[PDB]
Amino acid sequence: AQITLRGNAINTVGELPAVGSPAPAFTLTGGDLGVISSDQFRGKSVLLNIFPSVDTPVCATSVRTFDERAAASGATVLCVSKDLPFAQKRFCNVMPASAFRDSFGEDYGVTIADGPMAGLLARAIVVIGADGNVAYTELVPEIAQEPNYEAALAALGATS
């Protein structure tokens, strides 16, 4: 077999939702196999912390710290990935949500299109304001780049 190497540039299936527009609806799957619907967060700010996988015994302080500050600002934090619900309980108003059987990755333009990680969601951050509109987005452009947590927090603070 030949190895499908991983390119430095992140290439997803689409565009992140535009800042200022209504956040696309979603119906993710929760730990109890029920639905985590975007309608459930009406009137609340939401931080979608998106990962290729949260199935790792590692919880970088950078991630924990960010999630804690976000939750402290009054936002509901969803750690979204293609991992099945069963495997999401291993990661670090903060809960995991799985996109294994819904269109979240395509609707939010974050599904990785090629390479060894094709089909998983790219590292990205989407902040939805309490008013329901997208307040901030960042699709991390390269594989080993850390998200701009500071900018996301300023956007979060602005739409609590």
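Position 1 is the first residue in the sequence shown; the rest follow in order.
Q: For the stretch from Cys59 to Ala60, please bin the deposited residues that the model skips: none, 1 to 3, 4 to 9, or 10 or more.
A: None; the chain is continuous from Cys59 to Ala60.
Q: May I ask you to compare 80-88 and 67-75 by their mean CA B factor in the entry and name the higher one?
A: Per the deposited B-factors, the answer is 67-75.
Q) Which is higher on average in the deposited entry, the C-alpha temperature factors of 125-133 or of 35-43? A) Per the PDB entry, the higher value belongs to 35-43.
Q.
Maximum C-alpha temperature factor per the entry, among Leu16, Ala144, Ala23, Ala151, belongs to which one?
A. Most elevated C-alpha B-factor of the set, per the entry: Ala144.
**Q.** Largest Cα B-factor, entry values, listed residues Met95, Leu48, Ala99, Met117
**A.** The listed residue with the largest C-alpha B-factor is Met95.
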